[PDB]
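What follows is a short report on a single structure.
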């Protein structure tokens, strides 16, 4: 599908939710990293959540090879805008990708000033 | 052993945390019922959490027999008393207790106005 | 839209997820109740989760009046099929509806043998 | 007061629960780092949880100065050792500690192979 970047099949979607207001968390920054050979974190994709609190088309399946990826969520800047003070600096989700072939990754995240949970729903797409 | 009622070997404790403030949820009313033989819920025990967000002494080893129980946590009153309007009326935890001998049950509850999780920790008595 | 039942605008959707396998919880029973005048629970809508773990079209906006609704999730039968033993009998979500006009209700639920969280994302639909 | 290192007034405790078995997660390795002045993570403290799923004595009041800290919890090794293959490599909790005087921090973590939540409980010292 899309070359280099884009979403050739949409292999990764990040969905953020606000548990204090019961609404989707809009305009949250999401930075995604891939571990490099030197073993440090190399910038991979990034964006802000839409009106539905989702972020997709961060990457493409040709570009999304097996490796170790890190999803960072600027949760702190998010609360600061609502006048609340958070405890965390941000949230990270570190996972190895496509241990045995690609599939979709939906990284979910539920946020509160002092807590956040994160879940992954890995699904084998079809036609 | 502790007769009548009380907290014999502490077979049942409830613990509530506030995810918005990062503290124990205090003064949360908790009502516990046991499933009667006529499929109705009979009031079993009740209480309010301490400064620590804990509640022990709801029942006793002798009294805590096999059955189906429901811990109802009054999360609404709690949030309302803070100036927030939660989504849920309350949070229930229904389970079969002691089907294979007396166990000790720690019902943990983490609260957000629009979301809540409950985890159960079951342990074997030893002294 | 649809008369009586159906989904005139799709005011309530239940989404269930499996946190042990990282997959949507398929074929889970969901029974929804409305408190009646006598104050007991009157059967309102029901169904089983689709392949995506979602359930919608349970009700219609003309039928979904303000009231107290209860979403019961047969989580126990769900684990029993996977060979695991759960702690809970089921999960309930009790909430008052449309305090000030309708909007969509997505009741979410994340399940584990011994824990489950539930969140509501209430959104004002548009055109 | 407790010099060198230890657990002065217990300014930092980590607690891990297993959502699959309903017990405390035991033998979970935990590494704690402090953000160095050169933006790097310096190893601050480390440990493994007890039968109770707890870890105290990681640091001390004197040593636990203002700064940015990251509690890394090795959730992978834990699940792998059970015959499961988790989704995350580990779980991190990054936060600014003691920006307004010494507080006591209870980092709580609830684990599922495909999901995890972390709640923070901050309290004021009193004796």
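Each position is counted from 1, following the chain as shown.
Positions of Cβ are set from backbone N, Cα and C atoms, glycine also.
Feature annotations, reproduced from Swiss-Prot:
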type: BINDING; residues: A:15, A:54, A:117; note: L-thyroxine binding site
type: CARBOHYD; residues: A:98; note: N-linked glycosylation site
type: MOD_RES; residues: A:42; note: 4-carboxyglutamate
type: MOD_RES; residues: A:52; note: phosphoserine
- Note on the structure: Whole-number Å distance separating the Cα atoms of residue A:52 (phosphoserine) and residue A:15 (L-thyroxine binding site) is 8
- Item | Subset of recorded positions A:15, A:54, A:98, A:117 within reach of chain D (CB-CB under 8 A) | A:117
- Task: Express the distance between the Cα positions of residue A:117 (L-thyroxine binding site) and the residue listed as 'N-linked glycosylation site' as a whole number of Å.
- Result: 22
- Message: At a CB cut-off of under 8 A, do any of the recorded positions A:42, A:54, A:98 come close to chain C? List them or say none.
- Response: none
- Long-range same-chain neighbours of residue A:42 (4-carboxyglutamate), Cβ under 8 Å, sequence gap at least 6? A:33, A:34, A:35, A:36
- Which residues of the same chain, at least 6 positions away in sequence, have a Cβ lying under 8 Å from the Cβ of residue A:15 (L-thyroxine binding site)? A:53, A:54, A:55, A:106, A:107, A:108, A:109
- Message: Please give the maximum pairwise Cα distance, in Å and rounded to a whole number, for the L-thyroxine-binding set A:15, A:54, A:117.
- Response: 16
- For residue A:98 (N-linked glycosylation site), the number of neighbouring Cβ atoms whose distance to its own Cβ is within 10 Å equals 15
- Three-class DSSP assignment, residue A:54 (L-thyroxine binding site), comes back as strand
